[PDB]
$ cat run39.txt   # compact mmCIF, N, CA, C and O atoms
# COMPACT_ATOMS: atom_id res chain seq x y z
N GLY A 1 2.48 15.69 14.27
CA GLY A 1 2.24 15.20 12.93
C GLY A 1 0.77 15.02 12.62
O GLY A 1 0.23 15.66 11.72
N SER A 2 0.11 14.16 13.39
CA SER A 2 -1.32 13.89 13.19
C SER A 2 -2.12 14.34 14.41
O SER A 2 -1.56 14.78 15.41
N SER A 3 -3.44 14.24 14.31
CA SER A 3 -4.33 14.63 15.40
C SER A 3 -3.80 14.13 16.74
O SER A 3 -2.99 13.20 16.79
N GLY A 4 -4.28 14.74 17.82
CA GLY A 4 -3.84 14.33 19.14
C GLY A 4 -4.77 13.31 19.77
O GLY A 4 -5.96 13.27 19.46
N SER A 5 -4.23 12.48 20.66
CA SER A 5 -5.02 11.46 21.33
C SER A 5 -5.19 11.78 22.81
O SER A 5 -5.20 10.89 23.65
N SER A 6 -5.33 13.07 23.11
CA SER A 6 -5.50 13.51 24.49
C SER A 6 -6.92 13.25 24.98
O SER A 6 -7.84 13.06 24.18
N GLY A 7 -7.10 13.23 26.29
CA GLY A 7 -8.41 12.99 26.86
C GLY A 7 -9.45 13.98 26.36
O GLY A 7 -9.11 15.06 25.90
N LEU A 8 -10.72 13.59 26.45
CA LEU A 8 -11.81 14.45 26.00
C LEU A 8 -12.35 15.30 27.15
O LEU A 8 -12.37 16.53 27.06
N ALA A 9 -12.77 14.64 28.22
CA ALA A 9 -13.30 15.33 29.39
C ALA A 9 -12.38 16.47 29.81
O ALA A 9 -12.80 17.62 29.91
N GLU A 10 -11.12 16.14 30.07
CA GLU A 10 -10.14 17.14 30.48
C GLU A 10 -10.40 18.48 29.80
O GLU A 10 -10.37 19.53 30.44
N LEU A 11 -10.64 18.43 28.49
CA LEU A 11 -10.91 19.64 27.72
C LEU A 11 -12.22 20.28 28.15
O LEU A 11 -12.27 21.48 28.44
N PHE A 12 -13.28 19.48 28.19
CA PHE A 12 -14.60 19.97 28.58
C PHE A 12 -14.51 20.81 29.86
O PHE A 12 -15.28 21.74 30.06
N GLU A 13 -13.55 20.47 30.71
CA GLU A 13 -13.36 21.18 31.97
C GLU A 13 -12.77 22.57 31.72
O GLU A 13 -13.28 23.57 32.23
N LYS A 14 -11.71 22.62 30.93
CA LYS A 14 -11.05 23.89 30.61
C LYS A 14 -12.00 24.81 29.85
O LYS A 14 -12.29 25.92 30.30
N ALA A 15 -12.48 24.35 28.70
CA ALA A 15 -13.40 25.14 27.89
C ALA A 15 -14.47 25.80 28.75
O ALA A 15 -14.70 27.01 28.64
N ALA A 16 -15.11 25.01 29.60
CA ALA A 16 -16.15 25.53 30.48
C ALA A 16 -15.73 26.84 31.13
O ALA A 16 -16.49 27.81 31.15
N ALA A 17 -14.51 26.86 31.66
CA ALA A 17 -13.98 28.06 32.30
C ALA A 17 -13.83 29.20 31.31
O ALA A 17 -13.96 30.37 31.66
N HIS A 18 -13.56 28.86 30.05
CA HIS A 18 -13.39 29.85 29.00
C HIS A 18 -14.73 30.47 28.62
O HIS A 18 -14.81 31.64 28.26
N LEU A 19 -15.79 29.66 28.69
CA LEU A 19 -17.13 30.13 28.35
C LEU A 19 -17.40 31.50 28.96
O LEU A 19 -17.78 32.44 28.25
N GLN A 20 -17.21 31.61 30.27
CA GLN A 20 -17.44 32.87 30.97
C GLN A 20 -16.62 33.99 30.34
O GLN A 20 -16.99 35.16 30.42
N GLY A 21 -15.50 33.63 29.72
CA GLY A 21 -14.65 34.62 29.09
C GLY A 21 -15.00 34.85 27.64
O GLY A 21 -14.55 35.82 27.03
N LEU A 22 -15.81 33.96 27.08
CA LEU A 22 -16.22 34.07 25.68
C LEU A 22 -17.70 34.43 25.58
O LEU A 22 -18.33 34.23 24.54
N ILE A 23 -18.25 34.95 26.67
CA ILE A 23 -19.66 35.34 26.70
C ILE A 23 -19.92 36.52 25.76
O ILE A 23 -20.96 36.57 25.09
N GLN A 24 -18.98 37.46 25.72
CA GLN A 24 -19.12 38.63 24.86
C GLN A 24 -19.03 38.24 23.39
O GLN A 24 -19.57 38.93 22.52
N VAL A 25 -18.35 37.14 23.11
CA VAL A 25 -18.19 36.66 21.74
C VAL A 25 -19.22 35.58 21.42
O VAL A 25 -19.39 35.20 20.26
N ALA A 26 -19.90 35.09 22.45
CA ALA A 26 -20.91 34.06 22.27
C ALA A 26 -22.31 34.67 22.19
O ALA A 26 -22.70 35.45 23.04
N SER A 27 -23.04 34.30 21.15
CA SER A 27 -24.40 34.81 20.95
C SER A 27 -25.39 34.08 21.84
O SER A 27 -25.14 32.96 22.29
N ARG A 28 -26.53 34.71 22.09
CA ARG A 28 -27.57 34.13 22.93
C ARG A 28 -27.71 32.63 22.65
O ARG A 28 -27.65 31.81 23.57
N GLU A 29 -27.89 32.28 21.38
CA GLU A 29 -28.04 30.89 20.99
C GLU A 29 -26.81 30.08 21.37
O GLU A 29 -26.91 28.95 21.85
N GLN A 30 -25.63 30.67 21.15
CA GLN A 30 -24.38 30.00 21.47
C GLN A 30 -24.32 29.62 22.95
O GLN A 30 -23.82 28.56 23.31
N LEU A 31 -24.83 30.50 23.80
CA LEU A 31 -24.84 30.26 25.24
C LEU A 31 -25.63 28.99 25.57
O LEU A 31 -25.20 28.19 26.41
N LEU A 32 -26.77 28.82 24.92
CA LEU A 32 -27.61 27.65 25.14
C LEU A 32 -26.97 26.40 24.55
O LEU A 32 -26.83 25.38 25.23
N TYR A 33 -26.57 26.48 23.28
CA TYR A 33 -25.95 25.36 22.60
C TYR A 33 -25.01 24.60 23.54
O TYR A 33 -24.96 23.37 23.53
N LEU A 34 -24.27 25.35 24.35
CA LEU A 34 -23.33 24.75 25.29
C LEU A 34 -24.06 24.23 26.53
O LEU A 34 -23.67 23.22 27.11
N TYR A 35 -25.12 24.93 26.92
CA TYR A 35 -25.90 24.53 28.08
C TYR A 35 -26.52 23.15 27.89
O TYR A 35 -26.25 22.22 28.65
N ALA A 36 -27.35 23.02 26.86
CA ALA A 36 -28.00 21.75 26.55
C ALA A 36 -27.02 20.59 26.68
O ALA A 36 -27.19 19.72 27.53
N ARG A 37 -26.00 20.59 25.83
CA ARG A 37 -24.99 19.53 25.85
C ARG A 37 -24.36 19.40 27.23
O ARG A 37 -24.17 18.30 27.74
N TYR A 38 -24.04 20.54 27.84
CA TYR A 38 -23.43 20.56 29.16
C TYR A 38 -24.33 19.87 30.19
O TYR A 38 -23.85 19.34 31.19
N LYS A 39 -25.63 19.87 29.92
CA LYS A 39 -26.59 19.24 30.82
C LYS A 39 -26.73 17.75 30.51
O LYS A 39 -27.07 16.96 31.39
N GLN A 40 -26.47 17.39 29.26
CA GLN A 40 -26.57 15.99 28.84
C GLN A 40 -25.34 15.20 29.28
O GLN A 40 -25.39 13.98 29.42
N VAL A 41 -24.24 15.91 29.51
CA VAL A 41 -23.00 15.28 29.94
C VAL A 41 -22.93 15.18 31.46
O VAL A 41 -22.34 14.25 32.01
N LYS A 42 -23.55 16.14 32.14
CA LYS A 42 -23.57 16.16 33.60
C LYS A 42 -24.72 15.33 34.14
O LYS A 42 -24.53 14.48 35.01
N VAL A 43 -25.92 15.57 33.62
CA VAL A 43 -27.10 14.84 34.05
C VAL A 43 -27.40 13.67 33.12
O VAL A 43 -27.33 12.51 33.51
N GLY A 44 -27.74 13.99 31.87
CA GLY A 44 -28.04 12.96 30.90
C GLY A 44 -29.43 13.11 30.30
O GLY A 44 -29.75 14.15 29.72
N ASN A 45 -30.25 12.07 30.44
CA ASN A 45 -31.60 12.10 29.91
C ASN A 45 -32.42 13.21 30.56
O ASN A 45 -32.49 13.31 31.79
N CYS A 46 -33.05 14.04 29.73
CA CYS A 46 -33.87 15.14 30.22
C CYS A 46 -34.62 14.74 31.49
O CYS A 46 -34.58 15.45 32.50
N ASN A 47 -35.30 13.60 31.43
CA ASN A 47 -36.06 13.10 32.57
C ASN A 47 -36.68 14.25 33.35
O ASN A 47 -36.79 14.20 34.58
N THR A 48 -37.09 15.29 32.64
CA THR A 48 -37.70 16.46 33.26
C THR A 48 -38.94 16.91 32.50
O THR A 48 -39.03 16.77 31.28
N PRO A 49 -39.92 17.45 33.23
CA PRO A 49 -41.18 17.93 32.64
C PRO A 49 -40.98 19.18 31.79
O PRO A 49 -40.18 20.06 32.13
N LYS A 50 -41.72 19.27 30.69
CA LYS A 50 -41.62 20.42 29.80
C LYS A 50 -42.03 21.70 30.51
O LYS A 50 -42.99 21.73 31.28
N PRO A 51 -41.29 22.79 30.25
CA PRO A 51 -41.56 24.10 30.86
C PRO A 51 -42.85 24.72 30.33
O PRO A 51 -43.42 24.26 29.34
N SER A 52 -43.30 25.78 31.00
CA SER A 52 -44.52 26.47 30.60
C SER A 52 -44.35 27.15 29.24
O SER A 52 -43.23 27.52 28.86
N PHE A 53 -45.45 27.31 28.52
CA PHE A 53 -45.42 27.94 27.20
C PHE A 53 -44.94 29.38 27.31
O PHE A 53 -44.05 29.81 26.57
N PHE A 54 -45.53 30.13 28.23
CA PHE A 54 -45.17 31.53 28.42
C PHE A 54 -43.69 31.66 28.77
O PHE A 54 -43.00 32.56 28.27
N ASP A 55 -43.20 30.77 29.61
CA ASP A 55 -41.80 30.78 30.02
C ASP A 55 -40.89 30.40 28.86
O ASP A 55 -40.42 29.27 28.77
N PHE A 56 -40.65 31.36 27.97
CA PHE A 56 -39.80 31.13 26.81
C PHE A 56 -38.36 30.86 27.23
O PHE A 56 -37.81 29.79 26.97
N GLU A 57 -37.75 31.84 27.90
CA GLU A 57 -36.37 31.70 28.36
C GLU A 57 -36.08 30.27 28.79
O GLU A 57 -35.13 29.65 28.31
N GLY A 58 -36.90 29.75 29.70
CA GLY A 58 -36.71 28.39 30.18
C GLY A 58 -37.09 27.36 29.14
O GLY A 58 -36.54 26.25 29.13
N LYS A 59 -38.03 27.70 28.27
CA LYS A 59 -38.48 26.79 27.23
C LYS A 59 -37.32 26.34 26.36
O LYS A 59 -37.02 25.15 26.29
N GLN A 60 -36.67 27.29 25.71
CA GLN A 60 -35.53 26.99 24.84
C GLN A 60 -34.56 26.03 25.53
O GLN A 60 -34.15 25.03 24.95
N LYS A 61 -34.20 26.36 26.77
CA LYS A 61 -33.28 25.53 27.54
C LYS A 61 -33.72 24.07 27.52
O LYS A 61 -33.02 23.20 26.99
N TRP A 62 -34.89 23.80 28.09
CA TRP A 62 -35.42 22.44 28.14
C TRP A 62 -35.40 21.80 26.75
O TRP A 62 -35.06 20.63 26.61
N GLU A 63 -35.78 22.58 25.74
CA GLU A 63 -35.81 22.08 24.37
C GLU A 63 -34.43 21.59 23.94
O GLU A 63 -34.23 20.40 23.69
N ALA A 64 -33.47 22.51 23.86
CA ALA A 64 -32.11 22.17 23.46
C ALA A 64 -31.61 20.96 24.23
O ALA A 64 -31.03 20.04 23.64
N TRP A 65 -31.83 20.95 25.53
CA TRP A 65 -31.39 19.85 26.38
C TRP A 65 -32.30 18.64 26.20
O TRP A 65 -31.90 17.50 26.47
N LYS A 66 -33.53 18.88 25.75
CA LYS A 66 -34.50 17.81 25.54
C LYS A 66 -34.16 17.02 24.29
O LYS A 66 -34.25 15.79 24.28
N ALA A 67 -33.77 17.72 23.23
CA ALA A 67 -33.41 17.08 21.97
C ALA A 67 -32.37 15.98 22.19
O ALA A 67 -32.28 15.03 21.41
N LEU A 68 -31.58 16.13 23.25
CA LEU A 68 -30.54 15.16 23.56
C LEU A 68 -31.12 13.98 24.35
O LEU A 68 -30.64 13.66 25.44
N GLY A 69 -32.14 13.35 23.80
CA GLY A 69 -32.77 12.22 24.46
C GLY A 69 -31.76 11.35 25.18
O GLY A 69 -31.62 11.44 26.40
N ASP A 70 -31.07 10.50 24.43
CA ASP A 70 -30.07 9.61 25.01
C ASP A 70 -28.71 9.80 24.34
O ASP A 70 -28.08 8.84 23.90
N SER A 71 -28.27 11.05 24.27
CA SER A 71 -26.99 11.37 23.64
C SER A 71 -25.84 11.09 24.60
O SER A 71 -25.98 11.21 25.82
N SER A 72 -24.69 10.72 24.05
CA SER A 72 -23.51 10.43 24.85
C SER A 72 -22.89 11.71 25.40
O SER A 72 -23.08 12.80 24.87
N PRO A 73 -22.13 11.57 26.50
CA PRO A 73 -21.47 12.71 27.15
C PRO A 73 -20.33 13.27 26.31
O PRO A 73 -20.26 14.48 26.06
N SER A 74 -19.43 12.39 25.87
CA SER A 74 -18.29 12.80 25.06
C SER A 74 -18.75 13.51 23.79
O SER A 74 -18.21 14.55 23.42
N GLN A 75 -19.76 12.95 23.14
CA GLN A 75 -20.30 13.53 21.91
C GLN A 75 -20.82 14.94 22.16
O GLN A 75 -20.89 15.76 21.25
N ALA A 76 -21.19 15.22 23.41
CA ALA A 76 -21.71 16.53 23.78
C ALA A 76 -20.58 17.49 24.13
O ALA A 76 -20.72 18.70 24.01
N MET A 77 -19.45 16.93 24.57
CA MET A 77 -18.30 17.73 24.94
C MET A 77 -17.52 18.16 23.70
O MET A 77 -16.91 19.24 23.68
N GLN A 78 -17.54 17.32 22.67
CA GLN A 78 -16.83 17.62 21.43
C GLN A 78 -17.33 18.92 20.82
O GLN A 78 -16.54 19.81 20.50
N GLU A 79 -18.64 19.03 20.66
CA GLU A 79 -19.25 20.22 20.08
C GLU A 79 -19.20 21.39 21.07
O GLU A 79 -19.09 22.55 20.67
N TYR A 80 -19.30 21.07 22.35
CA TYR A 80 -19.27 22.08 23.40
C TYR A 80 -17.92 22.79 23.44
O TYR A 80 -17.82 23.93 23.88
N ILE A 81 -16.88 22.10 22.97
CA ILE A 81 -15.54 22.67 22.94
C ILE A 81 -15.27 23.39 21.63
O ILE A 81 -15.09 24.61 21.61
N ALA A 82 -15.24 22.64 20.54
CA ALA A 82 -15.00 23.21 19.22
C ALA A 82 -15.56 24.62 19.12
O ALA A 82 -14.83 25.57 18.84
N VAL A 83 -16.87 24.75 19.35
CA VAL A 83 -17.53 26.05 19.29
C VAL A 83 -16.66 27.14 19.91
O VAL A 83 -16.29 28.11 19.25
N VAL A 84 -16.34 26.97 21.19
CA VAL A 84 -15.52 27.94 21.90
C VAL A 84 -14.26 28.28 21.11
O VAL A 84 -13.72 29.38 21.21
N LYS A 85 -13.79 27.32 20.32
CA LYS A 85 -12.59 27.52 19.51
C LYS A 85 -12.86 28.51 18.37
O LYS A 85 -11.98 29.28 17.99
N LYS A 86 -14.08 28.48 17.84
CA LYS A 86 -14.46 29.37 16.76
C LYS A 86 -14.59 30.81 17.26
O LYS A 86 -14.29 31.76 16.53
N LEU A 87 -15.04 30.96 18.50
CA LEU A 87 -15.21 32.28 19.09
C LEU A 87 -13.86 32.88 19.47
O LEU A 87 -13.64 34.08 19.30
N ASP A 88 -12.96 32.04 19.97
CA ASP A 88 -11.63 32.49 20.37
C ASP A 88 -10.56 31.55 19.84
O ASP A 88 -10.23 30.53 20.45
N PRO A 89 -10.00 31.88 18.66
CA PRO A 89 -8.96 31.07 18.02
C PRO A 89 -7.64 31.13 18.78
O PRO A 89 -6.73 30.34 18.53
N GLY A 90 -7.53 32.08 19.71
CA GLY A 90 -6.32 32.22 20.49
C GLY A 90 -6.37 31.45 21.79
O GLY A 90 -5.85 31.90 22.81
N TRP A 91 -7.00 30.28 21.76
CA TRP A 91 -7.12 29.44 22.95
C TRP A 91 -6.24 28.20 22.83
O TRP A 91 -6.32 27.46 21.84
N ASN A 92 -5.41 27.96 23.84
CA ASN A 92 -4.52 26.81 23.84
C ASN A 92 -4.63 26.05 25.16
O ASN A 92 -3.86 26.27 26.10
N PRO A 93 -5.60 25.12 25.24
CA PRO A 93 -5.82 24.31 26.44
C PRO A 93 -4.71 23.30 26.67
O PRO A 93 -4.29 23.07 27.81
N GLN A 94 -4.22 22.70 25.59
CA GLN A 94 -3.15 21.71 25.68
C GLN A 94 -1.78 22.39 25.63
O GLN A 94 -1.19 22.51 24.56
N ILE A 95 -1.29 22.81 26.78
CA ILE A 95 0.01 23.47 26.87
C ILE A 95 1.03 22.59 27.58
O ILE A 95 0.79 22.10 28.69
N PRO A 96 2.19 22.39 26.94
CA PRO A 96 3.27 21.57 27.50
C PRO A 96 3.94 22.23 28.70
O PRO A 96 4.32 21.56 29.66
N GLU A 97 4.08 23.55 28.63
CA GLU A 97 4.70 24.30 29.71
C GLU A 97 4.13 23.89 31.07
O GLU A 97 3.11 23.20 31.14
N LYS A 98 4.79 24.31 32.14
CA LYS A 98 4.35 23.99 33.49
C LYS A 98 4.56 25.18 34.43
O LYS A 98 5.69 25.52 34.77
N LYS A 99 3.46 25.79 34.84
CA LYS A 99 3.51 26.94 35.74
C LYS A 99 2.57 26.75 36.93
O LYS A 99 1.38 27.03 36.83
N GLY A 100 3.11 26.27 38.04
CA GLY A 100 2.31 26.05 39.23
C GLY A 100 3.10 25.45 40.37
O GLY A 100 3.90 24.54 40.17
N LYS A 101 2.89 25.97 41.57
CA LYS A 101 3.59 25.48 42.75
C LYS A 101 2.61 24.92 43.78
O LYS A 101 1.65 25.58 44.16
N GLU A 102 2.87 23.69 44.21
CA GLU A 102 2.01 23.03 45.19
C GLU A 102 2.82 22.51 46.37
O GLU A 102 3.49 21.47 46.27
N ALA A 103 2.77 23.23 47.49
CA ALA A 103 3.50 22.83 48.69
C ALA A 103 3.03 21.48 49.20
O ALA A 103 3.84 20.61 49.54
N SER A 104 1.71 21.30 49.25
CA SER A 104 1.13 20.05 49.73
C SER A 104 1.74 18.85 49.00
O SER A 104 1.37 18.55 47.87
N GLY A 105 2.68 18.18 49.67
CA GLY A 105 3.32 17.03 49.07
C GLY A 105 3.89 16.08 50.11
O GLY A 105 3.37 14.98 50.33
N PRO A 106 4.97 16.50 50.77
CA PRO A 106 5.63 15.69 51.81
C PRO A 106 4.79 15.57 53.07
O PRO A 106 3.65 16.03 53.12
N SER A 107 5.36 14.94 54.09
CA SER A 107 4.66 14.75 55.36
C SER A 107 3.96 16.04 55.79
O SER A 107 4.56 17.11 55.81
N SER A 108 2.68 15.92 56.13
CA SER A 108 1.89 17.08 56.56
C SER A 108 0.76 16.65 57.48
O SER A 108 0.56 15.47 57.74
N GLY A 109 0.00 17.63 57.97
CA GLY A 109 -1.11 17.34 58.86
C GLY A 109 -2.16 18.43 58.84
O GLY A 109 -3.18 18.31 58.15

$ encode --input "run39.txt" --output "C-alpha cells"
Amino acid sequence: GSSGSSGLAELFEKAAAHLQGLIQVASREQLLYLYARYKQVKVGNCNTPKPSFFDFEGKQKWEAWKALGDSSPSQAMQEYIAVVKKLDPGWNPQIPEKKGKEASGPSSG
C-alpha cells in the first residue's frame, strides 16, 4: 500500500554488487557519484590531504568525497542506491522468494 520500512544498509550492500553490472549504463560521473558517498559511509570524514593538481583522475575523487564533510552514512546510501535504479529499472533487491541452500546448520565441526 505505502512505502516500505525495510532496512537501508541492507540495500546499500546489494546495490553495490549491481554497480559492477551497471558500469556500462553508468557514466564516468555516475561512477564517482557512488564512490564519494560510498567512501563517506565506509570511512566518513575525508580526513585526507588534497590530491595533486595534475592528478585529475584522483582529484575529482577526493573532491566528490571531500564535499561530504560530515555527511551521514544512510543519507549517502539513499542516493547511492536510487541512482542505480535509474540506470536499471529492472532491479528488484527486495524479493520475497527464497532460493538458497545452506548445509551449515546442525551439529558440525

$ residues_around --input "run39.txt" --residues "segment 11-23 of chain A" --least-positions-apart "4" --cutoff "6 Å" --atoms "only N, CA, C and O atoms" --output "JSON, numbers by chain"
{"A": [7, 27, 77, 81]}

$ closest_residue --input "run39.txt" --among "A:70, A:97, A:88, A:79" --to "residue 40 of chain A" --atoms "only N, CA, C and O atoms"
A:70

$ atom_distance --input "run39.txt" --atom1 "atom C of residue 66 of chain A" --atom2 "atom N of residue 87 of chain A"
24.4 Å

$ atom_distance --input "run39.txt" --atom1 "atom CA of residue 4 of chain A" --atom2 "atom N of residue 75 of chain A"
16.5 Å

$ atom_distance --input "run39.txt" --atom1 "atom C of residue 37 of chain A" --atom2 "atom O of residue 83 of chain A"
14.3 Å

$ residues_around --input "run39.txt" --residues "residue 76 of chain A" --least-positions-apart "2" --cutoff "7 Å" --atoms "only C-alpha atoms" --output "list in words"
residues 37, 38, 41, 72, 73, 74, 78, 79 and 80 of chain A
